[PDB]
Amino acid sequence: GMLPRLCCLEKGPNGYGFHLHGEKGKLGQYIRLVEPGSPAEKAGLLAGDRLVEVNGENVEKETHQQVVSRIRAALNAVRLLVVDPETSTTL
């Protein structure tokens, strides 16, 4: 499939089960630490992924805090459009 993976997560009793990290010298936010047995894993999320959209909005050039706020404000379900940074570049 040529489209980016779209991971559709429903929040569980222990949250979504992943970490989000920025470095800022790098473009945008990255997935880390996808806990075994979590909504994140069931949805197909993988640590190393670069996060491109949250619920249909591009988050590549937003601050870490902005992206976290978007995710937290959503009503307990999020669709994360993600790419493999090794093979994917924003120009």
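Residues carry their position along the shown sequence, with the first being 1. Here, rigid core means the biggest group of C-alpha atoms that superpose within 1.5 Å across both forms.
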Practice task
Once the rigid core is lined up, would you tell me whether 6 to 14 or 69 to 77 has the higher RMS CA deviation in 8 other deposited structures of this protein?
Solution key: 69 to 77
Practice task
Could you tell me which of the two stretches, 46 to 54 or 23 to 31, has its Cα atoms lying farther from the shown structure in 8 other deposited structures of this protein after fitting on the rigid core?
Solution key: 23 to 31
Problem - 80 to 88 or 2 to 10, whichever carries the higher mean Cα B-factor - result: 2 to 10
Practice task
Look up the CA B-factors in the entry and say which stretch, 39 to 47 or 54 to 62, has the higher mean.
Solution key: 39 to 47
Fill in the blank from the handout: Of the three thirds of the chain ranked by Cα temperature factor, residue 67 occupies the lowest
Exercise for the section: Determine, from the deposited record, the chain-internal third of the Cα B-factor for residue 20: lowest, middle or highest. Expected result: lowest
